[PDB]
Amino acid sequence: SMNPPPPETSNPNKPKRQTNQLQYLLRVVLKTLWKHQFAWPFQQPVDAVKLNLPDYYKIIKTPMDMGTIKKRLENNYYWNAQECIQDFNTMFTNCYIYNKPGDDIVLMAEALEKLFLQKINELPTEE
Ligand SMILES: COC[C@H](C)n1c(-c2cn3c(C)nnc3c(NC(C)C)n2)nc2cnc(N3CCOC[C@@H]3C)cc21
């Protein structure tokens with residue numbers, strides 16, 4: 001099985017805006033998670049070919065990853081903070097669905113999710 005193309009990240013038929021919360025989601029939330037010691041399995045789409053996981057896209061139909069989230073923020077793909085927050089949550093949920101409890105990858109996702117939830121409790125004020 002081939003990999004699917006990565007999720008869309010820059011769509012010129014979507015309107016674009018800068019907001020306090022979107023800027024914080026890139027500069028603080030994404031940045032803080034990206035630097036974590038266990039972020040690396042989440043910094044790009046799952047390469048099912050390279051990783052020999054031929055059933056990955058048979059099970060996960062809404063893939064998401066921080067590399068895609070980063071590019072979506074950089075190219076104004078999101079209009080509302082909730083869209084970005086939803087993508088981070090989809091990333092974590094996919095990890096929990098595909099893998100088993102206690103697997104190294106799941107323990108890594110749990111550590112990142114704890115940090116994510118802390119940082120999104122500190123969003124700046126909305127316009
Ligand atoms: C700790 O993850 C190891 C794992 C193999 N792995 C994942 C990954 C990401 N996943 C998400 C998201 N949800 N489920 C999985 C998942 N599940 C499997 C464990 C069943 N694996 N992404 C990776 C990216 N790169 C690499 N490496 C590049 C450098 O050389 C070495 C190695 C090949 C390994 C990667």
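For the single chain, residues carry numbers from 1 onward in sequence order. Heavy atoms only: backbone and side chains are in, while hydrogens, waters and symmetry mates are out. Both counts, for ligands and for their atoms, begin at 1 and track the order of listing.
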Checklist entry - Is the number of heavy atoms from other residues, nucleotides or ligands under 6.0 Å of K50 NZ greater than 12? => result no
Checklist entry - Are any non-hydrogen protein atoms located under 4.0 Å from atom 29 (C) of ligand 1? => result no
Item to check | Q18 atom CD, over 12 foreign heavy atoms within 6.0 Å | outcome: no
Checklist entry - How close do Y78 and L22 get, heavy atom to heavy atom, and via which atoms? => result O-CD1, 3.3 Å
Item to check | Which of the ligand 1 atoms, numbered from 1, are nearer than 4.0 Å to a heavy atom of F42 | outcome: 12 (C)
Checklist entry - In terms of heavy-atom contacts, does NZ of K31 have more than 12 from other residues, nucleotides or ligands at under 6.0 Å? => result no
Checklist entry - Can you tell me if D104 has a non-hydrogen atom under 4.0 Å from ligand 1? => result no
Checklist entry - If you draw a 6.0 Å radius around CG in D104, do more than 12 non-hydrogen atoms from other residues or ligands fall strictly inside? => result no
Next on the checklist: Could you identify the single nearest non-hydrogen protein atom to atom 13 (N) of ligand 1 and state the distance to 0.1 Å?
Outcome noted: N99 ND2, 3.5 Å
Next on the checklist: Could you identify the single nearest non-hydrogen protein atom to atom 25 (N) of ligand 1 and state the distance to 0.1 Å?
Outcome noted: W40 CZ3, 4.0 Å
Checklist entry - More than 12 foreign heavy atoms under 6.0 Å from CD of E127: is that the case here? => result yes
Checklist entry - Nearest protein heavy-atom contact for atom 2 (O) of ligand 1: which residue, which atom, what distance? => result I105 CD1, 3.7 Å
Checklist entry - Looking only at heavy atoms, is any part of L53 under 4.0 Å from ligand 1, and if so is it the side chain, the backbone, or both, or is it neither? => result side chain
Checklist entry - Is the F88 ring parallel, tilted or perpendicular to the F92 ring (thresholds 30°, 60°)? => result parallel
Next on the checklist: Just to confirm my output: which protein heavy-atom neighbour is closest to atom 4 (C) of ligand 1, and how far is it?
Outcome noted: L51 CD1, 4.6 Å
Checklist entry - Is there a heavy atom of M108 sitting under 4.0 angstrom from any atom of ligand 1? => result yes
Item to check | Cation-pi, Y77 ring and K71 (6.0 angstrom, 45 degrees) | outcome: no
Item to check | Per-atom contact, atom 33 (C) of ligand 1, protein heavy atoms, under 4.0 angstrom | outcome: yes
Item to check | Protein contact to atom 24 (C) of ligand 1 [nearest heavy atom, distance to 0.1 Å] | outcome: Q44 NE2, 3.8 Å
Checklist entry - Given that the side chain starts at C-beta and the backbone is N, CA, C, O, which of these parts of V46 lies under 4.0 Å from ligand 1, counting heavy atoms, or is it both or neither? => result side chain
